[PDB]
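Novice: what would the 3D arrangement of this be:
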Amino acid sequence: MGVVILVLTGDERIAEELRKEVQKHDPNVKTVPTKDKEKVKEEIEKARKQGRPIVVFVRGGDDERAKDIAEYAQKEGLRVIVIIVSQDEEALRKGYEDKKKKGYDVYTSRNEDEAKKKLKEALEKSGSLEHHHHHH
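Specialist: Residues are numbered from 1 along each chain as shown. Have a look at this structure:
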């Protein structure tokens, strides 16, 4: 029992504002930025014990980190989600297929809006519920 949501953002500030969005959807979900690269794998061990997802923010180019975290999480039999935030459809597609063939459920996003929907959708699929995904 455990889920690992890897949000690969073209801008690290998108990664940071989406962190706040996860915490508002559920504070018990642990979020780790692009900064604390070392501490991610420790937080994955703990996230299973929390019965909550861990949302790992990775940068567009810092993908070497993303795939190794993904494979480490998937090694524990965890539901690995990968959300790529890029306005460029090639940056979306190449990462999409690369992580998808490794057994990970990968979402593509244009910007913060699409990133936010897929983020909270991955939070709903892990069990964390707050903001009901309703038609405004």
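Novice: and residue 81, which helix or strand is it part of?
Specialist: Element membership for residue 81 (DSSP states H and E) is strand 79-85.
Novice: run through the neighbouring helices and strands of that strand.
Specialist: strand 3-9, helix 63-75, helix 89-100, strand 105-109, helix 112-126 (3 or more C-beta pairs under 8 Å, 6 or more residues apart in numbering; DSSP states H and E). Yep, even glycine has a C-beta here, placed from its N, CA and C like the rest.
Novice: reformat those as CSV; add distance to residue 53 and mean neighbour count.
Specialist: Formatted as CSV, the helices and strands packed on strand 79-85 follow (distance: least, C-beta to C-beta, whole Å; neighbours: other C-beta atoms under 10 Å):
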stretch, distance to residue 53, mean neighbour count
strand 3-9, 4, 27
helix 63-75, 10, 18
helix 89-100, 16, 16
strand 105-109, 12, 20
helix 112-126, 4, 19
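Novice: what's the closest of those to residue 57?
Specialist: strand 3-9 (5.3 Å; C-beta to C-beta).
Novice: that closest one pairs with which strands?
Specialist: Note on strand 3-9: by DSSP bridges, its sheet partners are strand 53-59 (parallel), strand 79-85 (parallel).
Novice: would you list these in JSON lines and tack on distance to residue 29 and mean neighbour count?
Specialist: Putting the strands paired with strand 3-9 into JSON lines (distance: least, C-beta to C-beta, whole Å; neighbours: other C-beta under 10 Å) gives the following:
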{"stretch": "strand 53-59", "distance to residue 29": "5", "mean neighbour count": "27"}
{"stretch": "strand 79-85", "distance to residue 29": "12", "mean neighbour count": "26"}
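Novice: would CSV of those with distance to residue 13 be doable?
Specialist: As requested, these are exported to CSV (distance: least, C-beta to C-beta, whole Å):
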stretch, distance to residue 13
strand 53-59, 11
strand 79-85, 11
